[PDB]
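Quick heads-up: it's one chain on its own, the form deposited in one PDB entry, in structure tokens.
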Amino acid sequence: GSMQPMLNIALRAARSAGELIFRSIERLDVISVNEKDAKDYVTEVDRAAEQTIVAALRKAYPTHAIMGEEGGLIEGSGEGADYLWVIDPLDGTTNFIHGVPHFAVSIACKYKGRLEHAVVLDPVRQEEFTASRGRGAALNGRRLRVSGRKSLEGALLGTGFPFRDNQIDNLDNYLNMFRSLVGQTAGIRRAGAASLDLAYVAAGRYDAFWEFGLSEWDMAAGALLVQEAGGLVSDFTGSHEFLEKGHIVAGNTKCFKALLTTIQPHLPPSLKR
């Protein structure tokens, strides 16, 4: 079957931004590395990709609300006000600036606050993860399902490191989580792009994933992908506010629950709210 029109618009915007990013990494040097925060980089490439995405989206839907990582939140109008696009124009910026070919464009659409459409596009490997609510998820058109692994034994987990200065107070907490997972699992991977970690959970390439400190645009599309592939997503307390709180556990049925339980004893009260 073919995609709903809105998912199609999102996918074409993602493709255009990804071709810009790929042209950059392939043949150019980065000519702008500003710094939004410490270790939080913004490039001419991030802004150009964001402008590409927003131009396509507003060409199709001028009354929708837009929340871009670089541009912030801009409300819509009329009926269009119930639609909110959540855009990471380039997820994996540190990878990108170093030339590490692992990063993605991430675009989600929420209707009345509920995830409705999702695109995660890796323009190097040309991998297009798409999903719509109640429609399943797909990689380049083929339907995705979370893995069948029944426990953490032999699992391949994805994760993200608490690298920011303002996370130092939780670093040891995280390293304890990590520690208790090394024995049973087959491996833990930190490839450096949260949207692709979620997409990999959705495709069955990772059995589960956990990270704190994330922003909404990092997670929105990938969370819809995981949900539509038959998986589970929550925050560190098991509730549905992972987008607002920035801590997230995603995974297949049993590995999600097992990882959530496993991280429980190493949670600071700041991540138990």
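By rigid core we mean the largest C-alpha set that fits within 1.5 Å across both forms. For every residue, the number given is its place in the sequence shown, counted from 1.
- Looking at 151 to 159 and 178 to 186 together, the entry lists the larger mean B-factor for 178 to 186, computed on C-alpha atoms.
- Mean CA temperature factor is higher for 142 to 150 when stretches 124 to 132 and 142 to 150 are set side by side in the entry.
- The residue among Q51, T237, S215, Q227 whose C-alpha carries the highest B-factor in the deposited model is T237.
- For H117, the recorded CA B-factor ranks within the lowest third of the chain. Only modelled residues enter the ranking.
- In the deposited entry, the Cα temperature factor of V33 sits in the top third of values across the chain's modelled residues.
- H64 sits in the highest third of its chain by CA B factor, as recorded in the PDB entry.
- Ranked by C-alpha B-factor against the other modelled residues of its chain, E211 falls in the middle third.
- For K39, the recorded CA B-factor ranks within the highest third of the chain. Only modelled residues enter the ranking.
The same protein has a further form, the form deposited in another entry, not shown here; the description that follows concerns it.
- Core superposition between this form and the one not shown leaves every listed residue (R164, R135, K150, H102) with a C-alpha shift below 2 angstroms except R164.
- Once both forms are overlaid on the rigid core, the distance between the two CA positions of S32 between this form and the one not shown is 2 angstroms or more.
- After superposition on the rigid core, the Cα of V42 moves by 2 Å or more between this form and the one not shown.
- Relative to what is shown, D40 and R47 are closer in the other form; their C-alpha atoms differ in spacing by at least 3 Å.
- CA of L214 to CA of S32: farther apart by 3 Å or more in the other form than in the shown form.
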